Ligand SMILES: [Ca+2]
Ligand SMILES: [Ca+2]
Ligand SMILES: [Ca+2]
Ligand SMILES: [Ca+2]
Ligand SMILES: [Ca+2]
Ligand SMILES: [Ca+2]
Ligand SMILES: [Ca+2]
Ligand SMILES: [Cl-]
Ligand SMILES: [Cl-]
Ligand SMILES: [Zn+2]
Ligand SMILES: [Zn+2]
């Protein structure tokens, strides 16, 4: 089963961050998306009550202008400033995008489910410049749903320019909606570390409710902070309130050239870091990561992680979502499709493209590109791939995976009937090369890749 | 219950 280095990189990247299934990552038990979600919702509390699942909620929120007391005992109340208000509304929107929640602002003396306010001092009346924020779970008790932030932190005052402030808003709102931190730890109680993490996926990579940096799981965000819910948070909040199936149901583009009107899904130039888990409820969608020069690894599989713009594990696709297309940058990239019909564009650089199942359309772009086939099921005659920009003598088609059942023999213009043979057939009228592969144990020739252009036997890796 |  000696397969090529290009196939191996697809195989390995497909298994990037495998989780659950009795695995042990970082010496800890590995949780599936769902085991992580159940852990995060372990309080079993939402605005609809206890152990109430899949039920929507219509909630109110309020920027407090004054208080009689803060439920924690902290003092020195300061109301939200204009920037905090704007960023908090963007955080609320990132939650209502993914779950069946509506948020309506109230003012004056009206009560609200979720409230926002800052503090500056402790119960003793001394300045507190050390703490960050906290929030209270839904309930009927005094202060339920309230969230509180330390105004002496610049990131809290300036959440639109200091990424941790925006993440903190999203985080705190999550707690105010009923989500819990993955591990039984909390600010003020001793000194927890990633060694105190229940499961391996207890990190910023999987949930912004984690206390542990994305580096603990081998992700690397280079000092940036994701502003919106991450993959496990999306599953968790959907478990409580139901998924929002009205969101971005058109053809949506994430990354460069984005049409999402969401800052966390948008890169306006190559210096912008992207950190997101995408929720998308319909249509034909594209990951456009074309503006980066880093070597990237882009995986369109539901639940999978990508290494985008020189970061690691910074992009993921939520459970329940199908993203169809991907565009690499000028780096040497790996693009891995899913079972849907995908359009993959490597861009410049020497890229490895793997369409997987479905009828995919592949553009290697400038550079020495490799189009990888791991199975006869990747390109059946009934749903064949197109490779639309193949460069004879430059690009490669990798069929080394077929060695597992016997290395393919290249034949010139006829099959022998013995199987494990591959042929290139030139349609001169249309300038199309049909790559036919006859697999052993198939009575008909069932694998076809159509190529817009010429190809040579020496371009085919067997 | 409070998460800090
Ligand atoms: Ca869409
Ligand atoms: Ca889609
Ligand atoms: Ca590329
Ligand atoms: Ca596919
Ligand atoms: Ca290329
Ligand atoms: Ca090429
Ligand atoms: Ca395919
Ligand atoms: Cl697939
Ligand atoms: Cl045709
Ligand atoms: Zn950033
Ligand atoms: Zn928290």
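Chain A is numbered as in Swiss-Prot, which gives 18-479 for the residues shown.
How was it done? The header gives X-ray crystallography, 1.8 Å.
Just so it is clear, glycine is given a Cβ too, placed from its N, Cα and C backbone atoms.
As written in Swiss-Prot, here are the features:
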- A:189: active site (ACT_SITE)
- A:188, A:192, A:228: Zn(2+) binding site (BINDING)
- A:265, A:267, A:297, A:299, A:302: Ca(2+) 1 binding site (BINDING)
- A:300, A:302, A:339, A:341: Ca(2+) 2 binding site (BINDING)
- A:346, A:348, A:350, A:363, A:365, A:368: Ca(2+) 3 binding site (BINDING)
- A:373, A:375, A:377, A:395, A:402: Ca(2+) 6 binding site (BINDING)
- A:382, A:384, A:386, A:412: Ca(2+) 7 binding site (BINDING)
- A:344-361: repeat 'Hemolysin-type calcium-binding 1' (REPEAT)
- A:362-379: repeat 'Hemolysin-type calcium-binding 2' (REPEAT)
- A:380-397: repeat 'Hemolysin-type calcium-binding 3' (REPEAT)
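Structural mapping of features recorded in Swiss-Prot.
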residue : record                : DSSP class
A:189   : active site           : helix
A:265   : Ca(2+) 1 binding site : coil
A:302   : Ca(2+) 1 binding site : coil
A:348   : Ca(2+) 3 binding site : coil
A:365   : Ca(2+) 3 binding site : coil
A:373   : Ca(2+) 6 binding site : coil
A:386   : Ca(2+) 7 binding site : coil
A:395   : Ca(2+) 6 binding site : helix
A:412   : Ca(2+) 7 binding site : coil
Residues near residue A:350 (Ca(2+) 3 binding site) in space but at least six apart in sequence (CB under 8 A): A:312, A:313, A:314, A:315, A:363, A:364, A:366, A:368, A:369
Cβ neighbours within the same chain of residue A:192 (Zn(2+) binding site) - under 8 Å, at least six residues apart: A:151, A:152, A:153, A:154, A:164, A:198, A:226
Neighbours of residue A:300 (Ca(2+) 2 binding site) among the binding-site residues A:267, A:377, A:384 (Cα to Cα, within 10 Å): A:267
Environment of A:300, A:302, A:339, A:341, the listed Ca(2+) 2 site - residues of the same chain whose CB lies within 8 A of the CB centroid: A:268, A:269, A:297, A:299, A:301, A:303, A:338, A:340, A:342, A:357
Residue A:299 (Ca(2+) 1 binding site) versus residue A:377 (Ca(2+) 6 binding site) - Cα distance in angstrom: 19
Subset of A:192, A:297, A:373, A:395 (binding-site residues) with C-beta under 8 Å from chain B: A:192
Of A:265, A:365, A:375, A:382, A:386, A:395, binding-site residues neighbouring ligand 7, Cβ under 6 A: A:375, A:395
Listed binding-site residues among A:188, A:265, A:348, A:373, A:382, A:395 whose Cα sits within 10 Å of residue A:339 (Ca(2+) 2 binding site): none
Within-chain partners of the repeat 'Hemolysin-type calcium-binding 1' (A:344-361) [C-beta distance under 8 Å, separation at least 6 from its ends]: 26-27, 30-31, 272, 303-319, 321, 367-380, 382, 384, 400
Least Cβ-crowded entry, counting other Cβ within 10 Å, from the binding-site residues listed as A:267, A:363, A:375, A:382, A:384: A:267
Sequence-distant neighbours of residue A:346 (Ca(2+) 3 binding site) in its chain (C-beta under 8 A, six or more apart): A:306, A:307, A:308, A:309, A:310, A:311, A:313, A:364, A:365, A:366
Binding-site residues near ligand 3 among A:267, A:299, A:300, A:341, A:386 (Cβ under 6 Å): none
Spatial neighbour of residue A:299 (Ca(2+) 1 binding site) that is closest, considering only the binding-site residues A:188, A:348, A:412 and their CA atoms: A:188
For the Ca(2+) 7 site built from A:382, A:384, A:386, A:412, further residues of that chain with CB within 8 A of the site's CB center: A:363, A:366, A:367, A:368, A:381, A:383, A:385, A:387, A:406, A:408, A:411
Close-lying binding-site residues around ligand 11 among A:192, A:299, A:302, where CB distance stays under 6 Å: A:192
